[PDB]
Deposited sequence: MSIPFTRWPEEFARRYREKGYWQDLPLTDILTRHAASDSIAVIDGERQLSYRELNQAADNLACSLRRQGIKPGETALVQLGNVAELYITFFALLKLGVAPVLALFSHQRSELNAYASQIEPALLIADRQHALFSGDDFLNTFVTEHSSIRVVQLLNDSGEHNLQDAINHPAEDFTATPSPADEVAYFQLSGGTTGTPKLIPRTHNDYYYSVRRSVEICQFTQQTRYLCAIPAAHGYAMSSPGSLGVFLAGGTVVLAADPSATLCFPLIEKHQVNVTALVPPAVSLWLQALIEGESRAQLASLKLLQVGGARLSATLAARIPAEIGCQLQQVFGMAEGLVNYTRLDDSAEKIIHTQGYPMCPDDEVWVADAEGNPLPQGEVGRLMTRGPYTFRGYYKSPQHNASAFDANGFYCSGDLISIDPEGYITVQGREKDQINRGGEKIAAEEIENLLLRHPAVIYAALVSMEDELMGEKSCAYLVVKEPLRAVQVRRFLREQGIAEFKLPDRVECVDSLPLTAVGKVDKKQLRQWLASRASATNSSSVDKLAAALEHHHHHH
């Protein structure tokens, strides 16, 4: 499986300093293979580390019998369910590199993912709109003829994922990919017209998990509510579900981050850490005002907030109105993750997004050309490090643009750095909307809008929204009258995630030639 390697002097340095430990990610689970402490709670269901590890082997083995081999890829679309973690570890034990699609992702996204990786295996959920019938499957498995095996959650027919997990592995020995080779594929937020996949090696991904655990001081006592989409890198590795498993803690799954669902789960299971995005934090504080008992969240000792910038106003209210410590998490699926420390001054936890988790994480601030700007100046985040990648998967065209000569990645974020060395996010250069933490590639949507017969020109732009931070607005120059429902219905036919539909559509007489920079003015 081809990916951009680190130069050898970098791989050697990162091994010498102990970042790369040359262990597979399977180690996170198999160190606990003897344990009967609870690893996953999912509604009424409680899986031990022993059971989880066994489930993973059971599935890994079942797939091996169906003829899935090491070095092959897989498309996995499971939500906030135990089977996400079983499937992730099953495929890691086989040496199969998956993409973890979010439940929200639809036709266009799955097709895009399947096209780049050419998967041998598809794992999806019959509770998904696309997988309740066999119509889409028939079409999907035709277009993506690489697919040989299909396993489906909440199926009682031939392709039942349960029957595989429940089938005890006779003599199974794991064959994880080498630790300096690809383990799995993360998803970019998106700056381009097609999704870009991020190769994560065991060495790079494990270190980010291991180092995240040190900072957030996760232990066997950690009870982590995983309420955001469980397959996202923030819920997965920062420190996320894996960080919890590593530590020997417990992951509590919730279908979404509504106060309606989570407030009960936090009190019931005595959760002491969870990860949210700004709008979820807002709705939580509003739910407390609207008269939810604050004592339901007594057990909470750390609340992570990331995916998008947290207003100091919102930040300051977390200790007061909820009564736990805040951690701001500024990270990206490409690698680099900045944390506030648990011992940081209120000043840094409220007004900054921390500093990189690795001492050998390297961060300078570029001007429009690409020269270093001195501290306190605002400019483009340029970074490289032991868990920051060196190329999207099979993207020589975009990789040329995305990295400078020395292998520094531009995140398309604008940042300043304090005298104390802390990063504050000041804005964004990449053509990306941040819809309450969820990322939309403006180009992806503009291309889809231009497919519409009435649409001459398309501009997708951010607009301030108090709840979400940003909402999508589609500016269209049209042949004929076009109402928002028509645009939205049309885009849903193309088959994309709901969050990607423009919250607002406006037909205008002209757009400038699109110069989005001027359209803001």
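Asker: According to the record, which stretches of the deposited sequence lack C-alpha coordinates?
Answerer: In the chain as deposited, 1-2, 516-520, 529-556 carry no coordinates.
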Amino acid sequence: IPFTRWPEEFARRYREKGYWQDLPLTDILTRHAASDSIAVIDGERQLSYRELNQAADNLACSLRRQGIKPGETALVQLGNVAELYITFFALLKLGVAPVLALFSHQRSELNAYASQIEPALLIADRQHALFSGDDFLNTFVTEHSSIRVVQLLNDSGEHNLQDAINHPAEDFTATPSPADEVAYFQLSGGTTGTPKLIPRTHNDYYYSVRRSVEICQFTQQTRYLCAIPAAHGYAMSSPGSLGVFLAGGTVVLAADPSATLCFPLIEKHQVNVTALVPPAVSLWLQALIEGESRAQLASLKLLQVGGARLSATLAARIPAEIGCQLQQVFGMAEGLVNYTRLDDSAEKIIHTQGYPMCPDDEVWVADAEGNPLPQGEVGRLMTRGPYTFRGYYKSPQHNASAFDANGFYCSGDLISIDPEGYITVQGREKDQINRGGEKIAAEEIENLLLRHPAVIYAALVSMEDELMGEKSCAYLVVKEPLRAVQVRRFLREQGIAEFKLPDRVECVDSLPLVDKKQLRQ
From here on, numbers count along this sequence of modelled residues.
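Asker: Going by the average Cα B-factor in the PDB entry, point out whether 294-302 or 369-377 comes out higher.
Answerer: Taking the mean B-factor of the alpha carbons in each, 369-377 is higher.
Asker: Once you work out the mean C-alpha B-factor for both 107-115 and 151-159 from the entry, which is higher?
Answerer: Looking at the record's C-alpha B-factors, the answer is 151-159.
Asker: Based on the PDB record, which member of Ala183, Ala400, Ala101, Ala82 exhibits the highest Cα temperature factor?
Answerer: Result of the comparison over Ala183, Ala400, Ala101, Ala82: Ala400.
Asker: Which third, lowest, middle or highest, does the CA B-factor of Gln486 fall in along this chain?
Answerer: Ranked within chain, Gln486 CA B lands in the lowest tercile.
Asker: Going by what the PDB entry lists, where does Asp204 fall on CA B-factor within its chain: lowest, middle or highest third?
Answerer: Tercile = middle for this residue's CA B-factor.
Asker: By its CA B factor, does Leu501 count among the lowest, middle or highest third of the modelled residues in the chain?
Answerer: Bottom third by C-alpha B-factor.
Asker: Comparing against every modelled residue in the chain, figure out the third that the C-alpha B-factor of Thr26 lands in (lowest, middle or highest).
Answerer: As the PDB entry reports it, the C-alpha B-factor of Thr26 lands in the lowest third of its chain.
Asker: Based on the deposited C-alpha B factors for this chain, I'd like to know if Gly240 is in the lowest, middle or highest third.
Answerer: Within its chain, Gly240 is a lowest-third residue by C-alpha B-factor, going by the deposited values.
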